[PDB]
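Visitor: One structure is given below, represented as structure tokens, and several questions about it will come after.
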Protein chains: 2
Amino acid sequence: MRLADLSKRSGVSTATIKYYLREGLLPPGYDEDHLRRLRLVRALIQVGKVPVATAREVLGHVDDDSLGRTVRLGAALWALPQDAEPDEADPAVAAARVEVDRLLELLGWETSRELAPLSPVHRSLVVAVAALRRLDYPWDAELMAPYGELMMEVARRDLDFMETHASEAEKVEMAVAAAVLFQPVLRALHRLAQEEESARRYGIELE
Amino acid sequence: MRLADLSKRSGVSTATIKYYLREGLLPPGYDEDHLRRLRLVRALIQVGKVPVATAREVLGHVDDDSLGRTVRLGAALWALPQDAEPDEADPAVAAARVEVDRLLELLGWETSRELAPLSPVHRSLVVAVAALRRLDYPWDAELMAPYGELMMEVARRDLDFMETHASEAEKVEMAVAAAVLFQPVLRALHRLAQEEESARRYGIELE
């Protein structure tokens with residue numbers, strides 16, 4: 001493939017590409033892997049709202065050849081924008097941590113229990129649960145279990161999609177993309193589902 | 001109930017309460033409805049990240065006695081923070097609108113099809129889908145149907161929860177709270193589910 005083919009197929013200006021080349025986001029030359037990389041960059045920036053500097057670190061891990069892939073994927077994923085860390089001293093945070101671990105135990109997400117010490121995603125769940133309990137909403141393991149199963153089915157669908165639509169993409173690249181690509185549409189679907197159901201149960205009309 | 005009871009039971013400083021009183025967010029006096037209102041205010045601000053000025057408009061609709069409840073609920077919900085409007089001229093937006101309508105048709109969300117002209121939530125789905133298609137991901141009605149069903153089950157669970165835990169809450173108040181209360185924990189659960197599944201399929205380890 002040529003530069004023109006790369007630009008026209010990616011929808012990315014022939015300038016922005018040269019910019020990504022010198023920014024390190026795109027390896028120097030152009031095969032289908034160069035294109036897929038570009039697509040990932042656009043997904044990170046456009047949909048993920050990820051800063052260029054941050055995207056550079058993420059891709060750096062994706063391209064790290066000094067570590068095995070299992071470690072690289074973790075590094076790349078956790079290099080993505082994350083939330084603030086909680087106050088472990090907060091009694092609400094402690095209770096939330098216990099509930100979350102019981103939840104992973106109930107759901108059988110054993111791998112997550114092992115990554116838990118460093119996973120910023122695990123931490124965000126802990127933080128979210130602590131906020132609800134602080135407002136006195138009894139969100140515990142048993143109550144979250146059904147939600148977890150549902151979200152797992154969503155996750156399986158995201159990845160099944162990636163695995164087919166982008167079947168030739170490098171794995172780490174695929175996983176990183178899936179981690180930011182579907183949040184906006186999933187949030188929208190959930191918000192609209194609540195609206196639809198709220199309309200059925202309580203009633204919503206236009207004037 | 002007294003002022004002290006109200007403050008101690010709500011976890012809201014006796015000052016912030018007086019502030020909400022003069023800000024119009026809390027009706028003047030204190031019954032269980034005053035408490036529930038306060039809880040809603042805290043949920044909007046703490047979890048929903050809703051500005052005070054915005055919360056004031058939302059509650060104004062909740063307390064609007066010149067309109068029937070079905071219209072008030074819509075007004076209150078859509079007064080909540082929303083996303084930017086799309087460029088209808090964009091061919092990607094047009095295609096997204098068609099896909100979304102086909103989706104609601106497939107899912108049987110007829111009420112949403114009627115509120116569609118003004119629903120900012122409907123619009124956000126349209127906007128999200130257009131972004132994916134712009135990146136050439138074939139997200140269409142048929143592909144979204146399964147996700148919609150899953151999210152509907154999540155929605156039913158949120159409301160079933162509200163209906164029991166806060167069974168005595170005024171309906172509009174309940175629906176508005178449910179609309180912002182569970183987004184953070186649901187996002188966390190989904191992100192963690194993807195991480196867990198990504199670990200199983202591709203491999204993630206700590207160093």
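Labeling convention for the structure tokens: chains A, B, ... as they appear, residues from 1 per chain, ligands from 1 in order of appearance.
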Taking only residues of chain A that have an atom at most 6 Å from an atom of chain B, what is each one's shortest atom pair and its distance in Å to one decimal, using only C-alpha atoms, in chain and number order, as a Markdown table?
Guide:
| residue | atom | partner | partner_atom | distance |
| --- | --- | --- | --- | --- |
| A:70 | CA | B:204 | CA | 4.3 |
| A:71 | CA | B:205 | CA | 5.1 |
| A:74 | CA | B:204 | CA | 5.4 |
| A:112 | CA | B:196 | CA | 5.7 |
| A:121 | CA | B:192 | CA | 5.8 |
| A:125 | CA | B:188 | CA | 4.9 |
| A:128 | CA | B:185 | CA | 5.1 |
| A:151 | CA | B:190 | CA | 5.1 |
| A:152 | CA | B:193 | CA | 5.2 |
| A:155 | CA | B:194 | CA | 5.0 |
| A:184 | CA | B:128 | CA | 6.0 |
| A:185 | CA | B:128 | CA | 5.1 |
| A:188 | CA | B:125 | CA | 4.9 |
| A:190 | CA | B:151 | CA | 5.1 |
| A:192 | CA | B:121 | CA | 5.8 |
| A:193 | CA | B:152 | CA | 5.2 |
| A:194 | CA | B:155 | CA | 5.0 |
| A:196 | CA | B:112 | CA | 5.7 |
| A:203 | CA | B:70 | CA | 4.7 |
| A:204 | CA | B:70 | CA | 4.3 |
| A:205 | CA | B:71 | CA | 5.1 |
Visitor: Output N, CA, C and O atoms for every residue in the selection just made, as a PDB file, in the first residue's frame.
Guide:
ATOM      1  N   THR A  70       1.435 -10.988  27.536  1.00  0.00           N
ATOM      2  CA  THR A  70       0.510 -10.948  28.670  1.00  0.00           C
ATOM      3  C   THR A  70       0.764  -9.746  29.567  1.00  0.00           C
ATOM      4  O   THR A  70      -0.170  -9.161  30.112  1.00  0.00           O
ATOM      5  N   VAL A  71       2.028  -9.381  29.732  1.00  0.00           N
ATOM      6  CA  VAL A  71       2.360  -8.233  30.563  1.00  0.00           C
ATOM      7  C   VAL A  71       2.158  -6.932  29.795  1.00  0.00           C
ATOM      8  O   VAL A  71       1.717  -5.931  30.362  1.00  0.00           O
ATOM      9  N   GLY A  74      -1.515  -5.703  29.755  1.00  0.00           N
ATOM     10  CA  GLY A  74      -1.900  -5.078  31.001  1.00  0.00           C
ATOM     11  C   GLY A  74      -1.365  -3.661  31.047  1.00  0.00           C
ATOM     12  O   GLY A  74      -2.093  -2.715  31.354  1.00  0.00           O
ATOM     13  N   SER A 112      -9.352 -11.504  37.632  1.00  0.00           N
ATOM     14  CA  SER A 112      -9.497 -10.145  38.136  1.00  0.00           C
ATOM     15  C   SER A 112      -9.098 -10.068  39.605  1.00  0.00           C
ATOM     16  O   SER A 112      -8.605  -9.043  40.064  1.00  0.00           O
ATOM     17  N   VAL A 121      -8.903  -0.435  36.852  1.00  0.00           N
ATOM     18  CA  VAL A 121     -10.300  -0.692  36.515  1.00  0.00           C
ATOM     19  C   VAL A 121     -10.971  -1.272  37.757  1.00  0.00           C
ATOM     20  O   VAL A 121     -12.095  -0.902  38.092  1.00  0.00           O
ATOM     21  N   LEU A 125     -14.201   0.423  40.172  1.00  0.00           N
ATOM     22  CA  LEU A 125     -15.425  -0.236  40.611  1.00  0.00           C
ATOM     23  C   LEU A 125     -15.552   0.009  42.108  1.00  0.00           C
ATOM     24  O   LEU A 125     -16.623   0.351  42.614  1.00  0.00           O
ATOM     25  N   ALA A 128     -16.668   3.508  42.652  1.00  0.00           N
ATOM     26  CA  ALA A 128     -18.072   3.701  42.297  1.00  0.00           C
ATOM     27  C   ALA A 128     -19.015   3.125  43.349  1.00  0.00           C
ATOM     28  O   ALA A 128     -20.030   3.741  43.688  1.00  0.00           O
ATOM     29  N   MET A 151     -23.127  -7.619  32.123  1.00  0.00           N
ATOM     30  CA  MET A 151     -22.008  -6.903  31.532  1.00  0.00           C
ATOM     31  C   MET A 151     -20.996  -7.840  30.890  1.00  0.00           C
ATOM     32  O   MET A 151     -20.342  -7.487  29.915  1.00  0.00           O
ATOM     33  N   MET A 152     -20.872  -9.038  31.444  1.00  0.00           N
ATOM     34  CA  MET A 152     -19.966 -10.029  30.896  1.00  0.00           C
ATOM     35  C   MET A 152     -20.492 -10.441  29.530  1.00  0.00           C
ATOM     36  O   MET A 152     -19.719 -10.653  28.600  1.00  0.00           O
ATOM     37  N   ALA A 155     -19.519  -7.758  27.239  1.00  0.00           N
ATOM     38  CA  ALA A 155     -18.090  -7.883  26.966  1.00  0.00           C
ATOM     39  C   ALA A 155     -17.819  -8.966  25.925  1.00  0.00           C
ATOM     40  O   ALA A 155     -17.057  -8.752  24.983  1.00  0.00           O
ATOM     41  N   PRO A 184     -19.167   4.813  24.824  1.00  0.00           N
ATOM     42  CA  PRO A 184     -20.182   5.809  24.456  1.00  0.00           C
ATOM     43  C   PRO A 184     -21.508   5.248  23.931  1.00  0.00           C
ATOM     44  O   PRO A 184     -22.581   5.730  24.298  1.00  0.00           O
ATOM     45  N   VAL A 185     -21.441   4.239  23.072  1.00  0.00           N
ATOM     46  CA  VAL A 185     -22.663   3.653  22.525  1.00  0.00           C
ATOM     47  C   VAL A 185     -23.393   2.830  23.586  1.00  0.00           C
ATOM     48  O   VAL A 185     -24.625   2.769  23.604  1.00  0.00           O
ATOM     49  N   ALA A 188     -25.130   5.214  25.943  1.00  0.00           N
ATOM     50  CA  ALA A 188     -26.300   5.734  25.253  1.00  0.00           C
ATOM     51  C   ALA A 188     -27.432   4.718  25.274  1.00  0.00           C
ATOM     52  O   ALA A 188     -28.579   5.062  25.566  1.00  0.00           O
ATOM     53  N   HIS A 190     -27.893   2.272  27.360  1.00  0.00           N
ATOM     54  CA  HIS A 190     -28.406   2.115  28.716  1.00  0.00           C
ATOM     55  C   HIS A 190     -29.292   3.291  29.099  1.00  0.00           C
ATOM     56  O   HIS A 190     -30.378   3.100  29.645  1.00  0.00           O
ATOM     57  N   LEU A 192     -30.956   5.254  27.160  1.00  0.00           N
ATOM     58  CA  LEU A 192     -32.183   5.222  26.373  1.00  0.00           C
ATOM     59  C   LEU A 192     -33.100   4.106  26.874  1.00  0.00           C
ATOM     60  O   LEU A 192     -34.321   4.242  26.855  1.00  0.00           O
ATOM     61  N   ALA A 193     -32.505   3.007  27.328  1.00  0.00           N
ATOM     62  CA  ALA A 193     -33.282   1.882  27.845  1.00  0.00           C
ATOM     63  C   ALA A 193     -34.000   2.312  29.122  1.00  0.00           C
ATOM     64  O   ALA A 193     -35.158   1.964  29.347  1.00  0.00           O
ATOM     65  N   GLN A 194     -33.304   3.071  29.960  1.00  0.00           N
ATOM     66  CA  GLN A 194     -33.901   3.555  31.195  1.00  0.00           C
ATOM     67  C   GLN A 194     -35.046   4.496  30.844  1.00  0.00           C
ATOM     68  O   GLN A 194     -36.109   4.455  31.462  1.00  0.00           O
ATOM     69  N   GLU A 196     -36.878   4.583  28.048  1.00  0.00           N
ATOM     70  CA  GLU A 196     -37.981   3.786  27.515  1.00  0.00           C
ATOM     71  C   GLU A 196     -38.753   3.110  28.645  1.00  0.00           C
ATOM     72  O   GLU A 196     -39.978   3.198  28.704  1.00  0.00           O
ATOM     73  N   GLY A 203     -44.555   7.098  32.865  1.00  0.00           N
ATOM     74  CA  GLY A 203     -45.204   7.964  31.903  1.00  0.00           C
ATOM     75  C   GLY A 203     -44.424   9.199  31.503  1.00  0.00           C
ATOM     76  O   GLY A 203     -44.096  10.045  32.333  1.00  0.00           O
ATOM     77  N   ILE A 204     -44.132   9.294  30.212  1.00  0.00           N
ATOM     78  CA  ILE A 204     -43.416  10.431  29.652  1.00  0.00           C
ATOM     79  C   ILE A 204     -44.082  10.784  28.328  1.00  0.00           C
ATOM     80  O   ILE A 204     -44.255   9.921  27.465  1.00  0.00           O
ATOM     81  N   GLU A 205     -44.470  12.049  28.180  1.00  0.00           N
ATOM     82  CA  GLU A 205     -45.115  12.525  26.959  1.00  0.00           C
ATOM     83  C   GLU A 205     -44.512  13.846  26.528  1.00  0.00           C
ATOM     84  O   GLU A 205     -43.958  14.580  27.347  1.00  0.00           O
TER      85      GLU A 205
END
Visitor: Quick one: chain A onto chain B, least squares on all Cα paired in order, result as a short mmCIF file (atom, residue, chain, number, x, y, z; two decimals) with C-alpha atoms, in the first residue's frame?
Guide:
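Heads up, here's the output in out_39.cif:
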data_model
loop_
_atom_site.label_atom_id
_atom_site.label_comp_id
_atom_site.auth_asym_id
_atom_site.auth_seq_id
_atom_site.Cartn_x
_atom_site.Cartn_y
_atom_site.Cartn_z
CA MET A 1 -38.53 15.39 61.88
CA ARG A 2 -36.25 18.22 63.01
CA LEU A 3 -33.38 20.06 61.31
CA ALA A 4 -30.86 17.98 63.26
CA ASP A 5 -32.60 14.75 62.30
CA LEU A 6 -32.60 15.92 58.68
CA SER A 7 -28.90 16.74 58.69
CA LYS A 8 -27.77 13.65 60.60
CA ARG A 9 -29.95 11.28 58.57
CA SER A 10 -28.89 12.80 55.24
CA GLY A 11 -25.21 13.20 56.04
CA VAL A 12 -25.60 16.71 54.67
CA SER A 13 -24.20 19.55 56.77
CA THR A 14 -26.85 21.67 58.48
CA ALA A 15 -25.44 24.57 56.47
CA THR A 16 -25.64 23.05 52.99
CA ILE A 17 -29.28 22.30 53.78
CA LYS A 18 -30.08 25.95 54.51
CA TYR A 19 -28.23 26.67 51.27
CA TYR A 20 -30.44 24.26 49.34
CA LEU A 21 -33.48 25.80 51.02
CA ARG A 22 -32.71 29.29 49.72
CA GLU A 23 -31.41 27.91 46.41
CA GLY A 24 -34.86 26.44 45.83
CA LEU A 25 -33.61 22.86 45.57
CA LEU A 26 -35.40 21.89 48.80
CA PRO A 27 -38.99 22.98 49.56
CA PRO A 28 -39.48 24.97 52.79
CA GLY A 29 -40.48 23.16 55.96
CA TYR A 30 -39.56 18.36 57.65
CA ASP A 31 -41.07 15.06 56.51
CA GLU A 32 -39.63 11.97 54.83
CA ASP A 33 -40.21 13.72 51.50
CA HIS A 34 -37.84 16.51 52.53
CA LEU A 35 -35.24 13.85 53.27
CA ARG A 36 -35.76 12.01 49.99
CA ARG A 37 -35.49 15.31 48.12
CA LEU A 38 -32.19 15.99 49.87
CA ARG A 39 -30.92 12.52 48.95
CA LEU A 40 -31.83 13.21 45.33
CA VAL A 41 -29.92 16.49 45.44
CA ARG A 42 -26.83 14.72 46.77
CA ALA A 43 -27.12 12.01 44.12
CA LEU A 44 -27.39 14.62 41.37
CA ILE A 45 -24.39 16.58 42.62
CA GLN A 46 -22.11 13.84 43.99
CA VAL A 47 -22.75 11.00 41.53
CA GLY A 48 -24.30 12.82 38.60
CA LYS A 49 -21.78 15.67 38.67
CA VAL A 50 -24.72 17.98 37.97
CA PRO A 51 -24.14 21.73 38.48
CA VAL A 52 -26.31 23.38 41.14
CA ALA A 53 -27.90 25.70 38.57
CA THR A 54 -28.81 22.69 36.44
CA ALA A 55 -30.13 20.71 39.40
CA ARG A 56 -32.33 23.71 40.18
CA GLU A 57 -34.02 23.51 36.78
CA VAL A 58 -34.47 19.74 37.02
CA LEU A 59 -36.13 19.98 40.42
CA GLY A 60 -38.17 22.91 39.16
CA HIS A 61 -39.77 20.56 36.65
CA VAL A 62 -40.18 17.89 39.32
CA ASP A 63 -42.07 20.51 41.34
CA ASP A 64 -43.99 22.03 38.41
CA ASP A 65 -47.66 21.93 39.39
CA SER A 66 -48.96 23.53 36.18
CA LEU A 67 -48.36 20.40 34.07
CA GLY A 68 -49.33 16.75 34.27
CA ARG A 69 -46.69 14.34 35.59
CA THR A 70 -46.06 12.61 32.25
CA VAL A 71 -44.84 15.88 30.78
CA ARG A 72 -43.00 16.96 33.93
CA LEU A 73 -40.91 13.78 34.01
CA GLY A 74 -39.77 14.32 30.45
CA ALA A 75 -38.93 17.94 31.16
CA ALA A 76 -37.03 17.07 34.35
CA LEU A 77 -35.03 14.26 32.73
CA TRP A 78 -34.05 16.27 29.66
CA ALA A 79 -33.01 19.20 31.85
CA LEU A 80 -30.19 16.95 33.07
CA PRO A 81 -26.78 17.47 31.43
CA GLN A 82 -26.83 16.34 27.78
CA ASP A 83 -24.36 15.96 24.91
CA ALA A 84 -23.79 18.27 21.94
CA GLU A 85 -26.15 18.03 18.97
CA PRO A 86 -24.95 16.32 15.76
CA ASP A 87 -24.52 17.74 12.27
CA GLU A 88 -27.66 16.47 10.56
CA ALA A 89 -25.97 17.32 7.26
CA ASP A 90 -23.35 14.66 7.97
CA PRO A 91 -24.20 11.59 5.85
CA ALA A 92 -22.93 9.43 8.72
CA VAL A 93 -25.50 11.00 11.04
CA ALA A 94 -28.31 10.34 8.56
CA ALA A 95 -27.35 6.67 8.30
CA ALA A 96 -27.12 6.47 12.10
CA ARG A 97 -30.61 7.91 12.49
CA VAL A 98 -32.02 5.26 10.17
CA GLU A 99 -30.23 2.47 12.02
CA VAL A 100 -31.42 3.76 15.38
CA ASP A 101 -35.06 3.91 14.28
CA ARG A 102 -34.83 0.38 12.88
CA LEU A 103 -33.34 -0.66 16.21
CA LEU A 104 -36.21 0.78 18.25
CA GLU A 105 -38.57 -0.93 15.82
CA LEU A 106 -36.83 -4.28 16.32
CA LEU A 107 -36.69 -3.87 20.11
CA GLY A 108 -40.30 -2.71 20.29
CA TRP A 109 -39.42 0.51 22.09
CA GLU A 110 -42.40 2.30 20.55
CA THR A 111 -42.58 5.02 23.19
CA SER A 112 -39.00 6.03 22.38
CA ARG A 113 -39.96 6.27 18.71
CA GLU A 114 -42.54 8.87 19.70
CA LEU A 115 -40.26 10.89 21.97
CA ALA A 116 -37.47 10.62 19.40
CA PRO A 117 -38.04 14.08 17.88
CA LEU A 118 -37.08 15.79 21.15
CA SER A 119 -35.30 13.18 23.29
CA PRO A 120 -31.67 14.26 23.88
CA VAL A 121 -30.99 10.68 24.99
CA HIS A 122 -32.19 9.41 21.61
CA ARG A 123 -29.89 11.99 20.03
CA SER A 124 -26.89 10.79 22.03
CA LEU A 125 -27.38 7.26 20.68
CA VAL A 126 -27.55 8.66 17.16
CA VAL A 127 -24.35 10.61 17.82
CA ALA A 128 -22.55 7.59 19.29
CA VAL A 129 -23.51 5.31 16.40
CA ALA A 130 -22.43 7.89 13.82
CA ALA A 131 -18.97 8.01 15.43
CA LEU A 132 -18.51 4.25 15.11
CA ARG A 133 -19.72 4.16 11.52
CA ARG A 134 -17.42 7.09 10.73
CA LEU A 135 -14.59 4.81 11.85
CA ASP A 136 -16.09 2.20 9.54
CA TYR A 137 -17.44 -0.17 12.19
CA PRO A 138 -20.68 -1.74 10.84
CA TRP A 139 -22.81 -0.97 13.88
CA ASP A 140 -26.39 -1.33 12.63
CA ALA A 141 -29.84 -2.18 14.00
CA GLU A 142 -29.43 -5.96 13.81
CA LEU A 143 -26.05 -5.80 15.55
CA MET A 144 -27.32 -3.50 18.31
CA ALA A 145 -30.53 -5.42 19.05
CA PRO A 146 -28.85 -7.89 21.45
CA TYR A 147 -27.12 -5.05 23.30
CA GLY A 148 -30.42 -3.22 23.60
CA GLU A 149 -32.13 -6.22 25.18
CA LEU A 150 -29.27 -6.59 27.65
CA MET A 151 -29.41 -2.92 28.59
CA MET A 152 -33.16 -3.15 28.99
CA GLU A 153 -32.64 -5.91 31.53
CA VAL A 154 -30.18 -3.63 33.33
CA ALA A 155 -32.75 -0.82 33.23
CA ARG A 156 -35.47 -3.08 34.65
CA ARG A 157 -33.11 -4.00 37.47
CA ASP A 158 -32.25 -0.38 38.28
CA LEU A 159 -35.92 0.56 38.53
CA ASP A 160 -36.94 -2.62 40.36
CA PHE A 161 -34.28 -1.62 42.90
CA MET A 162 -35.49 1.98 43.20
CA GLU A 163 -39.09 0.80 43.46
CA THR A 164 -38.23 -1.28 46.53
CA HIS A 165 -35.35 0.47 48.29
CA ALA A 166 -37.11 3.83 47.82
CA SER A 167 -40.68 2.53 47.50
CA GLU A 168 -42.18 5.66 49.07
CA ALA A 169 -40.35 8.15 46.87
CA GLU A 170 -42.37 10.31 44.50
CA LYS A 171 -42.23 8.76 41.01
CA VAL A 172 -40.66 11.64 39.09
CA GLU A 173 -38.04 11.95 41.82
CA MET A 174 -37.34 8.24 41.57
CA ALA A 175 -36.97 8.21 37.79
CA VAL A 176 -34.69 11.25 37.75
CA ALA A 177 -32.43 9.67 40.37
CA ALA A 178 -32.26 6.36 38.50
CA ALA A 179 -31.22 8.26 35.38
CA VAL A 180 -27.90 9.43 36.89
CA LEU A 181 -27.31 7.18 39.91
CA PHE A 182 -26.10 3.99 38.18
CA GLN A 183 -23.98 5.18 35.26
CA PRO A 184 -20.61 5.15 37.11
CA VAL A 185 -21.00 1.68 38.65
CA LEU A 186 -22.33 0.26 35.38
CA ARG A 187 -19.44 1.72 33.43
CA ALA A 188 -17.03 0.25 35.97
CA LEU A 189 -18.68 -3.17 35.80
CA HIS A 190 -18.53 -3.17 32.02
CA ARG A 191 -14.91 -2.03 31.92
CA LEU A 192 -13.93 -4.67 34.47
CA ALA A 193 -15.90 -7.33 32.58
CA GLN A 194 -14.00 -6.50 29.41
CA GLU A 195 -10.74 -6.67 31.35
CA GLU A 196 -11.62 -10.06 32.85
CA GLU A 197 -12.68 -11.46 29.48
CA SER A 198 -9.66 -9.92 27.73
CA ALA A 199 -7.51 -11.67 30.33
CA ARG A 200 -9.11 -15.05 29.58
CA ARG A 201 -8.90 -14.73 25.79
CA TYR A 202 -5.63 -12.87 25.26
CA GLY A 203 -3.76 -12.99 28.55
CA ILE A 204 -2.94 -10.36 31.16
CA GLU A 205 -0.41 -10.82 33.97
CA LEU A 206 1.25 -8.62 36.56
CA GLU A 207 5.06 -8.54 36.31
#
